[PDB]
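> Below you'll find coords.cif; it's mmCIF, C-alpha atoms.
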data_my_file
#
loop_
_atom_site.group_PDB
_atom_site.id
_atom_site.type_symbol
_atom_site.label_atom_id
_atom_site.label_comp_id
_atom_site.auth_asym_id
_atom_site.auth_seq_id
_atom_site.Cartn_x
_atom_site.Cartn_y
_atom_site.Cartn_z
ATOM 1 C CA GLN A 1 36.867 173.182 202.991
ATOM 2 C CA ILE A 2 37.719 171.513 199.679
ATOM 3 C CA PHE A 3 36.506 167.907 199.671
ATOM 4 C CA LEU A 4 38.011 165.392 197.250
ATOM 5 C CA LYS A 5 37.255 161.771 196.493
ATOM 6 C CA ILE A 6 37.654 159.434 193.540
ATOM 7 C CA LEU A 7 34.376 158.617 191.833
ATOM 8 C CA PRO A 8 33.930 154.847 192.351
ATOM 9 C CA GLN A 9 33.897 152.810 189.136
ATOM 10 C CA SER A 10 32.007 149.516 188.908
ATOM 11 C CA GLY A 11 33.822 146.387 187.841
ATOM 12 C CA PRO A 12 32.401 144.061 185.199
ATOM 13 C CA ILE A 13 29.020 142.353 185.482
ATOM 14 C CA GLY A 14 27.624 140.059 182.820
ATOM 15 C CA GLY A 15 28.385 136.715 181.208
ATOM 16 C CA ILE A 16 31.605 136.123 183.134
ATOM 17 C CA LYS A 17 30.953 133.742 186.012
ATOM 18 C CA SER A 18 31.408 134.317 189.751
ATOM 19 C CA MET A 19 32.259 138.009 189.278
ATOM 20 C CA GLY A 20 30.327 139.415 192.211
ATOM 21 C CA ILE A 21 30.269 143.186 192.550
ATOM 22 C CA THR A 22 33.675 144.881 192.449
ATOM 23 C CA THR A 23 35.156 148.334 192.049
ATOM 24 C CA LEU A 24 37.986 149.293 189.734
ATOM 25 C CA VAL A 25 41.218 149.834 191.642
ATOM 26 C CA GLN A 26 41.840 153.540 191.040
ATOM 27 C CA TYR A 27 43.766 156.243 192.844
ATOM 28 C CA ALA A 28 44.200 159.925 192.102
ATOM 29 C CA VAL A 29 47.175 162.250 192.080
ATOM 30 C CA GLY A 30 47.600 165.877 191.191
ATOM 31 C CA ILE A 31 49.177 169.180 192.123
ATOM 32 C CA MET A 32 47.620 171.364 194.789
ATOM 33 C CA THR A 33 48.780 174.931 194.182
ATOM 34 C CA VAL A 34 47.897 177.338 196.989
ATOM 35 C CA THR A 35 48.415 181.082 196.559
ATOM 36 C CA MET A 36 47.969 183.283 199.622
ATOM 37 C CA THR A 37 48.326 187.058 199.614
ATOM 38 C CA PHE A 38 49.206 188.722 202.911
ATOM 39 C CA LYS A 39 48.815 192.413 203.652
ATOM 40 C CA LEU A 40 52.066 193.802 205.072
ATOM 41 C CA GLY A 41 52.377 196.846 207.292
ATOM 42 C CA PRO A 42 55.469 199.038 207.079
ATOM 43 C CA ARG A 43 58.101 198.964 209.793
ATOM 44 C CA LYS A 44 57.789 201.667 212.441
ATOM 45 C CA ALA A 45 60.322 204.496 212.224
ATOM 46 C CA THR A 46 63.214 204.164 214.691
ATOM 47 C CA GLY A 47 64.468 207.108 216.750
ATOM 48 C CA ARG A 48 67.187 205.152 218.588
ATOM 49 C CA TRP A 49 70.852 206.018 218.497
ATOM 50 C CA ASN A 50 71.951 202.441 219.201
ATOM 51 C CA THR B 1 37.492 134.393 187.079
ATOM 52 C CA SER B 2 38.280 134.596 183.364
ATOM 53 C CA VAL B 3 36.767 136.016 180.193
ATOM 54 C CA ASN B 4 37.065 132.437 178.895
ATOM 55 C CA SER B 5 34.202 131.608 181.294
ATOM 56 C CA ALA B 6 31.893 132.731 178.483
ATOM 57 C CA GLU B 7 32.791 130.454 175.589
ATOM 58 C CA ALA B 8 31.481 132.771 172.844
ATOM 59 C CA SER B 9 33.204 135.855 174.293
ATOM 60 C CA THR B 10 36.579 137.420 173.542
ATOM 61 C CA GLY B 11 38.613 139.785 175.663
ATOM 62 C CA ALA B 12 38.797 143.388 174.496
ATOM 63 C CA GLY B 13 41.645 145.846 175.015
ATOM 64 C CA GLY B 14 39.727 149.086 174.421
ATOM 65 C CA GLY B 15 42.011 150.515 171.742
ATOM 66 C CA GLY B 16 41.883 154.009 170.285
ATOM 67 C CA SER B 17 39.793 155.487 167.471
ATOM 68 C CA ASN B 18 41.015 157.547 164.505
ATOM 69 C CA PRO B 19 38.271 158.621 162.075
ATOM 70 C CA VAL B 20 40.707 159.787 159.367
ATOM 71 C CA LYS B 21 39.929 159.394 155.665
ATOM 72 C CA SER B 22 42.809 158.853 153.235
ATOM 73 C CA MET B 23 43.063 157.792 149.596
ATOM 74 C CA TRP B 24 44.755 154.900 147.894
ATOM 75 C CA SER B 25 45.607 156.785 144.689
ATOM 76 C CA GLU B 26 46.302 154.633 141.627
ATOM 77 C CA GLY B 27 45.771 154.711 137.869
ATOM 78 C CA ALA B 28 46.654 156.556 134.667
ATOM 79 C CA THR B 29 44.455 159.471 133.616
ATOM 80 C CA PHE B 30 45.041 160.038 129.897
ATOM 81 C CA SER B 31 44.399 163.299 128.063
ATOM 82 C CA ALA B 32 44.977 164.508 124.509
ATOM 83 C CA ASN B 33 48.412 165.903 125.356
ATOM 84 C CA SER B 34 49.473 164.156 128.576
ATOM 85 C CA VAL B 35 48.885 161.295 130.978
ATOM 86 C CA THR B 36 48.959 161.556 134.762
ATOM 87 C CA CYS B 37 50.099 158.241 136.239
ATOM 88 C CA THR B 38 49.696 157.527 139.944
ATOM 89 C CA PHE B 39 50.767 154.420 141.811
ATOM 90 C CA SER B 40 50.700 153.665 145.526
ATOM 91 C CA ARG B 41 52.682 151.114 147.491
ATOM 92 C CA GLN B 42 52.761 150.301 151.139
ATOM 93 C CA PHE B 43 56.349 150.593 152.302
ATOM 94 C CA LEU B 44 58.091 149.226 155.377
ATOM 95 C CA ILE B 45 61.261 150.594 156.963
ATOM 96 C CA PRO B 46 62.778 148.024 159.344
ATOM 97 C CA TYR B 47 63.983 148.391 162.883
ATOM 98 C CA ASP B 48 67.658 149.285 162.777
ATOM 99 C CA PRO B 49 69.137 148.392 166.185
ATOM 100 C CA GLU B 50 72.320 150.454 165.746
#
Can you turn what I pasted into structure tokens?

Amino acid sequence: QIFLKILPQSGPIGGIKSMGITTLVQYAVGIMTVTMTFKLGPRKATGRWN
Amino acid sequence: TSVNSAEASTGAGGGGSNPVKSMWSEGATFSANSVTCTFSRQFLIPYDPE
């Protein structure tokens, strides 16, 4: 399992009044590239006429 | 809430940094057989809309 989350970022605290505690609104995007190799067996030889 | 809530505070836009050094080159260097004269001007090239 690959777990992903955005690291939460704190909003401002300090001299500004009434701020409370907040988080920055952030989202993440990206490209998931998945490569899978499969082993392949050969086809069985066919004796049939038809 | 507002940054104006602190009366001695200003908003900040978090601009970029560019630690380049450049010269303002000006002056005449005289020698026995020559002078090298340098001047610098700021120039502006306007927006041309068409």
> If the PyMOL selection byres ((chain A) within 10 of (chain B)) is run on the structure shown, which residues does it catch, given as an NGL selection string?
:A and (14-19)
> Rounded to one decimal place, report the atom CA of residue 16 of chain B-atom CA of residue 20 of chain A distance in Å.
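So the answer is 28.8 Å.
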> Enumerate, as a ChimeraX atom specification, the residues matched when the PyMOL selection byres ((chain A and resi 27-33) around 12) is run on the file above.
/A:2,4-9,23-26,34-36
> Can you list, as JSON, numbers by chain, the residues that the PyMOL selection byres ((chain B and resi 27) around 10) selects here?
{"B": [25, 26, 28, 29, 30, 36, 37, 38, 39, 40]}
> Dump N, CA, C and O atoms of segment 14-44 of chain B from the given block, as a tab-separated table (two decimals), in the first residue's frame.

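out.tsv, written as the output of this step:
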chain	number	residue	atom	x	y	z
B	14	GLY	N	5.26	38.07	-0.11
B	14	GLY	CA	6.21	36.97	-0.23
B	14	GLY	C	6.90	36.85	-1.57
B	14	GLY	O	7.02	35.74	-2.11
B	15	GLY	N	7.36	37.97	-2.12
B	15	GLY	CA	8.02	37.96	-3.42
B	15	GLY	C	9.34	37.20	-3.44
B	15	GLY	O	9.88	36.77	-2.42
B	16	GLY	N	9.87	37.05	-4.66
B	16	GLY	CA	11.07	36.27	-4.91
B	16	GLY	C	12.36	36.99	-4.55
B	16	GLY	O	12.41	38.20	-4.32
B	17	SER	N	13.45	36.21	-4.51
B	17	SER	CA	14.78	36.71	-4.19
B	17	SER	C	15.72	36.45	-5.36
B	17	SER	O	15.60	35.43	-6.05
B	18	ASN	N	16.66	37.37	-5.58
B	18	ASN	CA	17.58	37.26	-6.71
B	18	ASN	C	18.93	37.87	-6.36
B	18	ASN	O	19.20	39.05	-6.64
B	19	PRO	N	19.83	37.09	-5.76
B	19	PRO	CA	21.06	37.66	-5.17
B	19	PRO	C	22.14	37.98	-6.20
B	19	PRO	O	23.32	37.74	-5.95
B	20	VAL	N	21.75	38.51	-7.35
B	20	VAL	CA	22.68	38.89	-8.41
B	20	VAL	C	23.41	40.17	-8.03
B	20	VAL	O	22.85	41.07	-7.41
B	21	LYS	N	24.69	40.24	-8.41
B	21	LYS	CA	25.47	41.47	-8.40
B	21	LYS	C	25.71	41.94	-9.83
B	21	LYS	O	26.12	41.15	-10.68
B	22	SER	N	25.44	43.22	-10.08
B	22	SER	CA	25.76	43.86	-11.35
B	22	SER	C	26.38	45.22	-11.09
B	22	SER	O	26.27	45.77	-9.99
B	23	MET	N	27.05	45.76	-12.11
B	23	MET	CA	27.71	47.05	-12.01
B	23	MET	C	26.92	48.12	-12.74
B	23	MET	O	26.38	47.89	-13.83
B	24	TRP	N	26.85	49.31	-12.14
B	24	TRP	CA	26.66	50.56	-12.87
B	24	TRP	C	28.03	51.09	-13.27
B	24	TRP	O	28.77	51.60	-12.43
B	25	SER	N	28.37	50.97	-14.55
B	25	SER	CA	29.69	51.35	-15.05
B	25	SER	C	29.62	52.74	-15.66
B	25	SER	O	28.92	52.96	-16.65
B	26	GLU	N	30.37	53.68	-15.07
B	26	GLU	CA	30.43	55.04	-15.58
B	26	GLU	C	31.80	55.64	-15.29
B	26	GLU	O	32.47	55.26	-14.33
B	27	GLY	N	32.20	56.59	-16.14
B	27	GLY	CA	33.42	57.35	-15.98
B	27	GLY	C	34.41	57.21	-17.11
B	27	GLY	O	34.40	56.22	-17.85
B	28	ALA	N	35.27	58.21	-17.26
B	28	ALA	CA	36.41	58.18	-18.17
B	28	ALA	C	37.67	57.76	-17.43
B	28	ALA	O	38.03	58.37	-16.42
B	29	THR	N	38.33	56.71	-17.91
B	29	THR	CA	39.69	56.37	-17.48
B	29	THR	C	40.66	56.88	-18.54
B	29	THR	O	40.72	56.35	-19.65
B	30	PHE	N	41.42	57.92	-18.19
B	30	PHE	CA	42.46	58.45	-19.06
B	30	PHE	C	43.77	57.67	-18.93
B	30	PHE	O	44.11	57.13	-17.88
B	31	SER	N	44.51	57.63	-20.04
B	31	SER	CA	45.87	57.11	-20.08
B	31	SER	C	46.69	58.02	-20.98
B	31	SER	O	46.16	58.95	-21.61
B	32	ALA	N	48.00	57.76	-21.03
B	32	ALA	CA	48.88	58.60	-21.85
B	32	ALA	C	48.42	58.68	-23.30
B	32	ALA	O	48.53	59.73	-23.93
B	33	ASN	N	47.90	57.58	-23.84
B	33	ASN	CA	47.65	57.48	-25.27
B	33	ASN	C	46.19	57.23	-25.60
B	33	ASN	O	45.86	57.13	-26.79
B	34	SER	N	45.32	57.13	-24.61
B	34	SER	CA	43.91	56.85	-24.86
B	34	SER	C	43.09	57.19	-23.63
B	34	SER	O	43.62	57.36	-22.53
B	35	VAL	N	41.78	57.29	-23.83
B	35	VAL	CA	40.82	57.34	-22.75
B	35	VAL	C	39.75	56.29	-23.02
B	35	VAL	O	39.32	56.12	-24.17
B	36	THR	N	39.34	55.58	-21.98
B	36	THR	CA	38.19	54.70	-22.06
B	36	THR	C	37.02	55.35	-21.33
B	36	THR	O	37.07	55.55	-20.11
B	37	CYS	N	35.97	55.68	-22.07
B	37	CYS	CA	34.81	56.38	-21.54
B	37	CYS	C	33.65	55.40	-21.45
B	37	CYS	O	33.27	54.79	-22.46
B	38	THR	N	33.08	55.26	-20.26
B	38	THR	CA	31.89	54.45	-20.08
B	38	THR	C	30.77	55.32	-19.53
B	38	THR	O	30.98	56.10	-18.60
B	39	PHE	N	29.58	55.19	-20.11
B	39	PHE	CA	28.37	55.71	-19.50
B	39	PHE	C	27.32	54.60	-19.42
B	39	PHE	O	27.32	53.67	-20.23
B	40	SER	N	26.43	54.72	-18.45
B	40	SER	CA	25.28	53.85	-18.32
B	40	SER	C	24.02	54.69	-18.26
B	40	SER	O	24.01	55.77	-17.66
B	41	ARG	N	22.97	54.20	-18.89
B	41	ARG	CA	21.63	54.76	-18.74
B	41	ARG	C	20.67	53.61	-18.52
B	41	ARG	O	20.80	52.55	-19.15
B	42	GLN	N	19.71	53.80	-17.63
B	42	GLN	CA	18.50	53.00	-17.69
B	42	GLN	C	17.74	53.35	-18.96
B	42	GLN	O	17.59	54.52	-19.31
B	43	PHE	N	17.25	52.33	-19.65
B	43	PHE	CA	16.37	52.53	-20.78
B	43	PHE	C	15.02	51.89	-20.50
B	43	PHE	O	14.90	50.97	-19.69
B	44	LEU	N	13.99	52.40	-21.18
B	44	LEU	CA	12.67	51.80	-21.16
B	44	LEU	C	12.16	51.65	-22.59
B	44	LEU	O	12.25	52.58	-23.39
